[PDB]
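Form deposited in one PDB entry, single chain, as structure tokens, below.
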């Protein structure tokens, strides 16, 4: 099977205008009538008519500040930037783009995903991992330069796999983590280690978490996941129900095989039956859904 829909946040991006990042002058010239998006500490943002709030940008400075991040151009040719800031409690702020991002258009969601991962990175990359030195933003916020050595540090996106193990027919593995509300299962996920391919990572993470041996590992799609800095790569793989479970790396409290039937009805639910699926914008939902209605 294949994914039915492109997952939220993946539907192409903007004109990120790589060119201009290394061109301080052009940034300054376009800043006059630039746009500004603003994110609080928790990554919350404002929305209006299904669209991200874009202030007039000049109303915080003459020039673009160092702590800002240049996001690109929007249809028409107008620059757009992002800053970390407090937000006004007297607006409509979204606590989690993760749980509410379906309210936004594709463009706005792209802006926000970019802005959110970058700002979070800045907040976690003020020092070189190499020596310890302070670091300084540059190039529209797309690098941080070591203050001692001049060496560039770049935005960090950790790849993670998320997998649906199925039997090749009508059944599929879902699992629940230690502290999750009961009756709540989802796909198996794990970070890619150094020295392994995605395919090997899937097989490894599945074996660790539920003790199955899988084959026929196939990619379904991908999704930026700024919480704070993942990119999720979706897979499916064939397991064997006869092989018993085993919770070695005990991140998984409970797991079972579920029927297509069970999953379809669990998808419709969202306090009745034994399986319930958490309701987010995740590619996880799109994978489960694309399998269950093959």
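Numbering follows the first chain given and starts at 1. Here, rigid core means the biggest group of C-alpha atoms that superpose within 1.5 Å across both forms.
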Between residue 270 and residue 271 - deposited residues without coordinates, as a size class
4 to 9
Looking only at CA atoms, which has the higher mean B factor in the entry: 86-94 or 135-143?
86-94
Using only C-alpha atoms and the B-factors in the entry, which stretch averages higher, 126-134 or 73-81?
73-81
Given 237, 34, 231, 246, identify the residue with the highest C-alpha B factor in the PDB entry.
34
If you compare 204, 166, 183, 156, which has the highest Cα B-factor in the entry?
183
Cα B factor band for residue 199 (lowest, middle or highest third within the chain):
lowest
Tell me, lowest, middle or highest third: where does the Cα B factor of residue 284 rank within its chain?
lowest
Within-chain third of residue 27 by Cα B-factor, per the entry
highest
Consider only the C-alpha atoms of the modelled residues in this chain, order them by B-factor as the entry records it, and name the third containing residue 58: lowest, middle or highest.
highest
Third of chain Cα B-factors occupied by residue 208
middle
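The same protein also exists as the form deposited in another entry; that form is not shown, yet it is the one meant from here on.
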Listed options 120, 94, 220, 217; Cα moving by 2 angstroms or more between this form and the one not shown (core superposition)
94
Using the form shown as baseline, tell whether residue 94 and residue 284 are closer or farther in Cα-Cα distance in the other entry, where the change reaches 3 Å or more.
farther
Work out the direction of the Cα-Cα change for residue 95 and residue 107 in the other entry: closer or farther than in this form? It's 3 angstroms or more.
closer
